[PDB]
Amino acid sequence: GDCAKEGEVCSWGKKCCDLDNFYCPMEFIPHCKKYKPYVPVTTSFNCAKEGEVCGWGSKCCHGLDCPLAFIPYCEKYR
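**Student:** What is the right way to read the UniProt feature "disulfide bond" in the chain from this model?
**Tutor:** Between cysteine 16 and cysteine 32 the annotated UniProt disulfide holds up in this structure, with the two sulfurs at 2.0 Å. You can see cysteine 16 sitting in the segment before β1 (64-65) and its partner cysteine 32 sitting in the segment before β1, a full 16 residues away along the chain. For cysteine 16, a relative accessible area of 2% gives the class buried.

Below you can see the structure in the form of structure tokens.
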């Protein structure tokens, strides 16, 4: 009682009947499904795309650049 069935949508007042199994993930439409699948193999080498963080030897792709601050982010050179 007072809970969203399995797969059903969950809200602030309506929490998944099974929290240990299902949860309310942050996304467009929060569902009551099991935790996400295992993490996929590490990504391949590539330049830092827009939004990516710089500092760990990561250079923004052609046309993009990173600002000078604590935690900058690649962005189209203005």
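**Student:** Sorry, what's going on with the nonpolar core here?
**Tutor:** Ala48, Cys54, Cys60, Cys61, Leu64, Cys66 and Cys74 form the largest nonpolar core, which has 7 residues in total. When near neighbours in sequence (up to four residues on either side) are disregarded, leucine 64 contacts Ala48, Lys49, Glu50, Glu75, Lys76 and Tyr77.

**Student:** How should I be thinking about the environment of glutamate 6 in this particular structure?
**Tutor:** Looking at where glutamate 6 falls in the secondary structure, it is placed in the segment before β1. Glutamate 6 sits 32 residues away from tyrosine 38 along the chain, and the two C-alpha atoms are 21 Å apart. Each residue touching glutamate 6, except ones within four places of it in the same chain, is listed here: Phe22 and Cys32.

**Student:** I tried to follow the environment of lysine 5 on my own but got confused; where do I start?
**Tutor:** With respect to the helices, strands and loops of the structure, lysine 5 is situated in the segment before β1. Along the chain, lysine 5 and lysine 15 lie 10 residues apart, while their C-alpha atoms are 8.9 Å from each other. Leave out the neighbours within four places in its chain, and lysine 5 touches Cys17 and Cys32.

**Student:** I would appreciate a short explanation of the domain arrangement of the chain in the present structure.
**Tutor:** It is common to report an interface's size as the accessible area lost on association of the parts. Taken domain by domain, the chain holds domain 1 (1-36) and domain 2 (43-78). Averaged C-alpha coordinates put domain 1 and domain 2 at centres separated by 36 Å.

**Student:** Is there a simple way to explain a negative patch on the surface in this structure?
**Tutor:** On the surface, a cluster of negative charge is contributed by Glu50, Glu52, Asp65 and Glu75. In this structure, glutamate 50 sits in the segment before β1.

**Student:** Explain the UniProt feature "repeat: Domain" in the chain to me, please; I cannot follow it from the model alone.
**Tutor:** Residues annotated by UniProt as "repeat: Domain" correspond here to residues 3-32 and 43-74. Between the first and last C-alpha atoms of residues 3-32 the distance is 10 Å; the span itself is 0% helix and 0% strand. Regarding residues 43-74, the helix share stands at 0% and the strand share at 6%, and the terminal C-alpha atoms are separated by 18 Å.

About the criteria used
Residues numbered from 1 in each chain as written, not as in the entry; some residues may be left out. Heavy atoms only, no water. Disulfide = S-S within 2.5 Å. UniProt positions renumbered as here; feature names shortened; annotations may be inferred. Helix = DSSP H or I, 4+ residues; strand = E, 2+ residues; numbered from the N terminus. Buried < 20%, exposed > 50% of the residue type's maximum accessible area, 1.4 Å probe, protein only. Core = buried A, V, L, I, M, F, W, Y, C linked by side-chain atoms within 4.5 Å. Contact = heavy atoms within 4.5 Å. Domains from an automatic or database assignment. Patch = residues over 30% accessible without salt bridge, like charges linked within 9 Å, V, L, I, M, F, W, Y side chains within 5 Å. Areas by Shrake-Rupley, 256 points an atom, 1.4 Å probe, with all protein chains shown as cover. Salt bridge = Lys/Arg side-chain N within 4 Å of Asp/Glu carboxyl O. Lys, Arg positive; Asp, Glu negative; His and termini not counted. Charge placed at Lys NZ, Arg CZ, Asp CG, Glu CD.

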